Amino acid sequence: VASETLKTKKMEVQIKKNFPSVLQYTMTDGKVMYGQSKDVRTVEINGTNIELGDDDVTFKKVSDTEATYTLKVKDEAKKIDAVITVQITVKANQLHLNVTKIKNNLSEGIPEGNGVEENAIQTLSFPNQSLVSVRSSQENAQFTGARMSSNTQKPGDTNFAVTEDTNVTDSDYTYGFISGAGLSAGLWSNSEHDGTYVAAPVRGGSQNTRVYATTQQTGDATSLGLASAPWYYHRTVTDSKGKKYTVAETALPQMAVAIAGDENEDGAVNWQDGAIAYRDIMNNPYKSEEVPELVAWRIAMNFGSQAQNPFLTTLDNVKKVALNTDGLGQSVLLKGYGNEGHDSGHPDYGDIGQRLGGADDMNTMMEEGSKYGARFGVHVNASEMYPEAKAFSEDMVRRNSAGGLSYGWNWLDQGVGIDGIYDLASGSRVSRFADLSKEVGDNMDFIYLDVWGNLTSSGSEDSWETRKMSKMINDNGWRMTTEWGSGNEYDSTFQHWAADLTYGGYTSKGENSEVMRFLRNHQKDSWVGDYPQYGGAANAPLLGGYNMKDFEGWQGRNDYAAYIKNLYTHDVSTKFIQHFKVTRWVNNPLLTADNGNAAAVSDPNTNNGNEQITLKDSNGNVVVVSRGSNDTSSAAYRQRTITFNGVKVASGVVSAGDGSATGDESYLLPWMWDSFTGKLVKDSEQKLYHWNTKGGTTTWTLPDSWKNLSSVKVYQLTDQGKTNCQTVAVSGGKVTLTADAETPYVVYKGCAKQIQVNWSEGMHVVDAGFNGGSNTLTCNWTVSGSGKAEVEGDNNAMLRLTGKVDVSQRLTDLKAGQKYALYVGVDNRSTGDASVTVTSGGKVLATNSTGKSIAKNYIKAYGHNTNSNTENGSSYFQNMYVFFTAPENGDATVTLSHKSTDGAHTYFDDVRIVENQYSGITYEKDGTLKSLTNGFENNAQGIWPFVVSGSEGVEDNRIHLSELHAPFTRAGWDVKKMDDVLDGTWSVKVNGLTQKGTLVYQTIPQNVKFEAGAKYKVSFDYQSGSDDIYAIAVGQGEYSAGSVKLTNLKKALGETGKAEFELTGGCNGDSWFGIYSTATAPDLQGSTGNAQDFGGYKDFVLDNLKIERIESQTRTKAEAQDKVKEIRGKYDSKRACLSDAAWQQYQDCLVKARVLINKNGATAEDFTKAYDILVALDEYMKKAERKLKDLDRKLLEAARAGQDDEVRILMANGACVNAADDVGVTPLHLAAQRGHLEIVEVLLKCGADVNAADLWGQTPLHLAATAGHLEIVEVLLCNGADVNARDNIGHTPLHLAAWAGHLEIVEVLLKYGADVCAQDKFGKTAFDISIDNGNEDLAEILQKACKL
Ligand SMILES: [Mn+2]
Ligand SMILES: [Mn+2]
Ligand SMILES: [Mn+2]
Ligand SMILES: [Mn+2]
């Protein structure tokens, strides 16, 4: 065959002129690797194999390093007529084969707007091209392949000898390496082909197989050759509506080989040698070079309009983590960066959350954060959308084969599936990422793509789609990261289900492959880390593996100390290991003959035949990681030694990644790199991180550059940075370190300066989050008063106040004349007021207060929810607001204060000053509320003046600010029957919180204070899905069932309703109103499936809140005094059956009214207030009385029935023991006559009046004696029953027991002391009763009382 030679300094490649084929590679040393030794001239186009003849190919040697081929590819019958241009180039030990041009003689190209290109060239390949091959006739001929596996128990690798029996045909792999006759090679291709995988729960580029292995007979030997899998060129796709499109290539077809000798110099030639060479030709994920610097990964979360984490708070948190890690690199994923938060506004990528501070604050956070080595990225979704999103349209909607919506998940709103193919082919998604690019410029590091590969956008989401998705992202300068462990093998640098080891179990983690991890460990956080309960790959991997925790609200995670502890336990050593590239990996226990890995490398002269990995950097530094034993039953299987240039830098067992068992690992890791591009730092900046799991004393050999030092400087790392400095002597290049358990230390050669941190930049105050330690109360905040101010809490630090104290700070950078809202988180445990005040000079611009906090925090993503223990195992943190105009003098000051001298605490956190246009609060002259209006158009955050209640416990609450996007958010679009927005752009929305039987949301006194005794007109616009499913709740103090006044609301589905009521302020100033979920089932109107959710039959929308104080009729002192008499005359006699707290509330109220009435110099205003407070007290006591009368009537009913359980349930729920009806019959009377001994004894123990009588003068003893209940009569006399008690006739329980003729009951009561002299109105004794009836048996016991 006629050939030509391409030359480099490393090899000579003999190539055929009749086809782009290699005959052989001859290296400088004379070693040879074969190409395609046979006459194979096949080209596949659209699945049709065409064999080329001599006249179908033209050749041209361009230079000594390049040749060009022109391929005439025609099949008239199969509609193929193409001209393919192939380039072969050589450099060093690499050969590249590129398709540089594709000409189609059967088309004019792709029609405008990605229209269908008829006879388009969709696929292209060179079947059995064998660019590199090995033969069974060669010394140590072998194949090594890798396929995708997310399963910890199933490796993705194959390792086998190439023999005469080896028979393969287009066997597809992610990676493929052939070795033989002292040379090795891997084949790289940019093919987007999807094929064979070991294990993956999703698509989304998990199945990308780019190499094809095929055997052929090469004379008397079997030859195994490598070819590229097919490439896509102009691919024709169909969307959910049946519309077809043709989309151009992501890139032109490209492939390469890199010929290796014994690269790691270990005396053998295998895939590892090929893998070292392969790194020079392989694709590298965009920005994969920064991956080793990303030590601190975490999520900063925002959800449901709450603004739990505004961008400038996230920046303070970056500075806290920077101090605690001594400036290690960070990667913060902003989950809910856009619109109203997480799983809101998808897919509006360019809509940055206005309530977080918008694009302005996001850019400030990214720009400033980068100075601390912190990278930022956003969570996006390209599979699900909500009606509120501006991108929402009929074209975007994914539809099923029947024409209906492809529904997603319902939570805040109903998610609808995005038509993935439409989104790509129309240029829609690329334009939405462009919207984001305009907002962030070049400040943002990465994109985090959620759910991609789970088939929500289409049944495909293949490697071709994922390749195009990753390109749109990389094109904007963004690093690619995604959700699923197996997803996007080609371009992703991080998988959430790989780095967060807790999710999905052992079958759904990161990439379980020795080949993939050997090649790319340093480029991704997509592997298997320690999580021993999964076993296999997850049991102490030598390379570690990212273990991700959070503290900023993601899944309620708000534990900072655990976050930091975990960074040092797993992530510091994982990241240190990623600064080196794998060069050798022997004795892998996961690979056996049974799982298809008989030829896997097994050296008994390395680490006793146990697992070992060697890694190297471009500076010749060597890292060696060794496993103690390859037996999982041995204690040494989890033992790992790490050496750096032959010196031990880490030893022992890590604390289990699943949090199940603490370890003993200690390390002294040299951190030689900067937190930016990872370049080597200078000598004065070189440092060592020290960690000791169990704590104690360890001795280490310092690195070579430290061997002549006399001493080192050791600093303990905290949330304040470098503390407790120690000078440690160096003897013979060694150091002894004493360490507390699980405590980070940093070692320097000399004195090291503290990292400079200016807290709360752009926040208008210094240290708004109280992160500056105790010192913050000295030069940032000024403290005054007899009381005390402390920075308290070992997690999220807060300001704690006790006694009479004020904490002040000057406000900076305010725009003169502009409107601002200032809010602060407040938890008040004191009865004394806690306040927030803005002053200019001395003048008060705005002020607000809270008494004892009455509402617990149920916001899961928030830093101080009721699961975080602010004090006493609870948290009452709620945002307290002030609205003011920035003064013209530019002098403004905030003051946080506690007024009373009591010892109870008040907590404050997160002082937020934000530009805000809300102006719906009007006051009276005395500073009390005149009116409050809200259309929710200018809310700084949350559902203010309401606060979320406990209907779902601590949750990502299904309550938020709904957004207008007509016609989609309106009633009538699809199966939707309710409007999301009543008027304007925003309303308050509740999604499906039906049949809870509890409070959903409520006002609190710090948001809307209802003055004691004052009357208010409350009105709002609403939309409710069904009749009586939701109600208006009115209460005083902390919500409690039974104490609440409920008004059921009627159905207002698609048509806005009006709600109006009057509210009278409770005596303690703690009155409130809200929305309550009843027990009543919604009317789903015959809807099925998602239509029950989307319809709105179970939802509640509120808007246009209006609260107005109603003027009261003026009262005199006489009127108020008389009202005191009336109230006392009604309730003074009702102390017995009334709670000890209810009697206290009543007494406190009477005291309050008397103080107003009797003050020297009291006015009409005081007399009106005193009278009104008593009127409010009356209605409160009366409502409580009807609820007690309800319980009493049910207790008298259960006394008759005889059920102890329902008698005890009612008594425990507050039932009156001595409760009598219209005829004066108590439950002790009823239980005694029926004879329920278990109830009689329960009632007597509870304090029931044993002497109690009805309108007939009958006591429970009279009733029990006539009925003849011996056991009941016994216990009554033992509890103090009146033995000689009489009725309206004069019958003692002796007379009645004789009338009924009870032989055993008469004798029992006589023994105790029942009178025999007793006579009724007729003057009849027991002598007359015994002689009247036909039985003389009674006359025998009476003649044994007195003998006649
Ligand atoms: Mn080797
Ligand atoms: Mn804080
Ligand atoms: Mn509105
Ligand atoms: Mn919404």
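FYI, side chains are in, hydrogens and waters are out, and symmetry mates aren't considered; it's all heavy atoms of this structure. Counting convention: from 1, in listed order, for ligands and their atoms alike. Position 1 is the first residue of the sequence; numbering continues from there.
One finds no salt bridge joining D348 and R432 here, because no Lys/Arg side-chain nitrogen approaches an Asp/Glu carboxylate oxygen to under 4.0 Å. A salt bridge is absent between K976 and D974; no separation between the charged side-chain nitrogens and carboxylate oxygens falls under 4.0 Å. Ion pairing of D559 with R557 is absent here, as no side-chain N (NZ or NE/NH1/NH2) approaches a carboxylate O to less than 4.0 Å. The pair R800-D827 fails the salt-bridge criterion, with no side-chain N (NZ, NE, NH1 or NH2) lying under 4.0 Å from an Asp/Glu carboxylate O. Between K390 and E963 there is a salt bridge, with a side-chain nitrogen of the basic residue lying less than 4.0 Å from a carboxylate oxygen of the acidic one. Using a 4.0 Å cut-off between charged side-chain N and carboxylate O, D266 and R584 make a salt bridge.
A donor-acceptor pair shorter than 3.5 Å cannot be found between the side chains of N317 and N771. In this structure, a donor-acceptor pair under 3.5 Å is absent between the side chains of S853 and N828. At a cut-off of 3.5 Å, with distance as the only test, a side-chain donor of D983 or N1104 sits close to an acceptor on the other residue.
Remark: at the Mn ion (ligand 2), atom O from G769 and atom OD1 from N796 enclose 160°, rounded to the nearest 10 degrees.
A cation-pi arrangement, defined by a distance under 6.0 Å to the six-membered ring centre and an angle within 45 degrees of its axis, is present between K335 and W554. Cation-pi contact between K977 and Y1097: absent, since separation from the ring centre below 6.0 Å together with deviation from the ring axis within 45° is not met.
Around the Mn ion (ligand 4), the protein contributes the following N, O or S atoms at distances under 2.8 Å: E388 OE1, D413 OD2, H960 NE2.
Checking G793 against the Mn ion (ligand 2), every N/O/S atom stays at or beyond the 2.8 Å cut-off. Backbone or side-chain N, O or S atoms of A797 reach the Mn ion (ligand 2) at under 2.8 Å.
Take the N/O/S atoms of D909: the one nearest the Mn ion (ligand 2) is OD2.
With waters neither drawn nor counted, the protein N/O/S atoms under 2.8 Å from the Mn ion (ligand 1) amount to 6.
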